[PDB]
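Report on one structure; see the data block that follows.
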Amino acid sequence: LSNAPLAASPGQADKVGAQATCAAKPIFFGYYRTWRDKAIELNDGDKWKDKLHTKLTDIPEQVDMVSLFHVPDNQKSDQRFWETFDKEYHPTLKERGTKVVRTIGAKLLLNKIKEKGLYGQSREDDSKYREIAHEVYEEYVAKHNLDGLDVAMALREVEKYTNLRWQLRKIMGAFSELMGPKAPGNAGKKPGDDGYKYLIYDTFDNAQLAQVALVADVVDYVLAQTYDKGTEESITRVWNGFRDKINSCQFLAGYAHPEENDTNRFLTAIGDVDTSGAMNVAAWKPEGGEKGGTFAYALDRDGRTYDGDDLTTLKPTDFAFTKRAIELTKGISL
Amino acid sequence: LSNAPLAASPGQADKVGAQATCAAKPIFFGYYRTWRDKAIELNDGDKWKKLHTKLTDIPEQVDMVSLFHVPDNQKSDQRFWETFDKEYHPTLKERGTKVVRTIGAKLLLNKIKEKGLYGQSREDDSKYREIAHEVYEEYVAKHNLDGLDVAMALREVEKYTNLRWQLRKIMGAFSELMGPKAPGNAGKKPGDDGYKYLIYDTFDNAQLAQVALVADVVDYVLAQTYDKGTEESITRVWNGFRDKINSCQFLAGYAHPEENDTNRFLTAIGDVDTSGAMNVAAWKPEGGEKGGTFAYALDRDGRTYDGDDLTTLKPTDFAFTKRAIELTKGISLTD
């Protein structure tokens, strides 16, 4: 209902560059594909209507934060899944102290912006951005008492068009009124405190394509999709790309587990765990500073490859990469 | 022109296994040797300078015919293509018979090598698109054909990772122009007018075929089951293929004996109703429907390797073709 203007981006967070100390300890972030959870009901003709081995609570208890990656087109119904989450998954995760956030694609946000009749400009009825933000917050976060929202922005057209940049900036500010460090509900709160509402941004590992300067001041964490790096020097190069827009405490580098029928080919998390590039990313730290943590995509595919039956079959997981990444990120032993 | 990366293979089609229903009804696929068409101009010294059959002689119930064109087998093809554009193709369009063109994978690999391309995830994938557009313009668009059929019978592809990458990338570049992934076929299905097919014919061994590299981009996979002729053997071949493709893509086939062939394919010899070729035509995957049945060298329908058949060309009554159409589509040709 507020009509206050959603201002332009300052271009950087309050503090930038490598930070020797951080307010919150490094976390392990995990993307969970809900259409691979045992409680979901896939379509009748789906080749994987069965063969669903993993539950959400199977993940290691030392996972600090898990993001539900929910795609409605990938299943027939999610009613059983959300009932199981409310009854079974979420109380267990709260008992473990594992935060649960929800991932939303920037394309859906831009579609909602377009339905509102909004272009991308400095002067517009910014209450409409707040309408979209509040509706998305109610549907995605508040409905199941989740801990925050993760906006996935992997669209190359945002960097090309000024109006799309304005749209992204304004919708992220409207979200910042509800989540993140700028939110009044988080007054006197810190990431890791109980009841904190996170605002998270996952995007390209190229800071220019990411347009992270548009969100740097309103987000708790920036997750750079370093799925092809796996080398300490390459992660350093990515961070040096980001270092003038955000501070190291916001930065998370990550890896992706091979997915069935994926065509993408991400190779850092294959083979021996202790010598993999994924664990180089997990162990990496900005020189002279501390990082926000490490993230992994598709926890259910921990240990899978693109060879043999892995490309066409689902299998249980031992979460070996996940456990070792937690150890290397937090400096603890499991 | 596009430099976007040609991605890797998902390893299987969107749907796999036996399918109770298919978008298109089972079809009969026919390979046509163009150097045996009456309109072709053979070499001056050629002993058969004796060409009995023309393309339009094939039964009208043939759903799809593939032109197997070899420049080294004739002097000139100008008269043949003029006859096709003027006479053959309008008649086939009236019958509703699709016409595709077969290209050998070895030629594609040679063009890949001329481009300086290796086989890896990196490289300049715009060159694969250059080759794909060149092949599409020369082979498909030039005579307003309905698609391309890539014949991959090379044992070295499965052996070498770089060759596997080359095959996957060239097939993806083709998929940008033909097949279910092509934007030109948006809102279209096989059987609609103007649909552009992407077809793959290969070994009847799924591992040697490397069908997992093309399963997601092709409309049909033709397994060369030329020595099977038994329902159980075709079932074993299909069980080899069933986790990579769905039954609607699968076609098993037979080969008619060719003159001076040395190959010896025996399934389509002798009495029609007791031949192995009609066992292949009648075969269906357990719990599902198949893409259809195909035959190589339609002009040799009914020929053997005995007597004068090995050294002479003859007209054909298309007996095997008609009975295979009947068994594949469940119709009768006596009316």
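Below, each value reflects all heavy atoms present in this structure, side chains not excepted, and no hydrogens, waters or symmetry copies. So you know, we letter chains A, B, ... as the sequences are listed, proteins then strands, and number each from 1.
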Let me confirm one number: the [atom1]-[atom2] distance from [X] to [Y], rounded to the nearest 0.5 Å.
X      : Y      : atom1 : atom2 : result
B:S9   : A:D262 : OG    : CG    : 11.5 Å
A:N264 : B:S121 : CG    : OG    : 12.0 Å
B:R168 : A:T263 : CZ    : OG1   : 7.5 Å

If only atom types and distance count, is the side chain of A:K47 paired as donor or acceptor with the main-chain N or O of B:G17 below 3.5 Å?
no
Under 3.5 Å, is there a donor-acceptor pair between the side chain of A:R265 and the main chain of B:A7?
no
Under a 4.5 Å cut-off applied to non-hydrogen side-chain atoms, are A:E260 and B:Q12 in contact?
no
Neighbour count >12 (heavy atoms, 6.0 Å) for atom [atom1], [X]:
X      : atom1 : result
A:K49  : NZ    : no
A:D318 : CG    : yes
B:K284 : NZ    : no

Which ring-ring contact (aromatic ring centres under 6.0 Å, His included) pairs, counting each pair once, include a residue from residues 296-317 of chain A, with sequence neighbours left out?
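Pairs touching residues 296-317 of chain A that pass the test: A:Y31-A:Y297, A:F69-A:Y297.
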Listed pairs under 3.5 Å, donor-acceptor, residues 150-158 of chain B side chains, sequence neighbours left out:
none

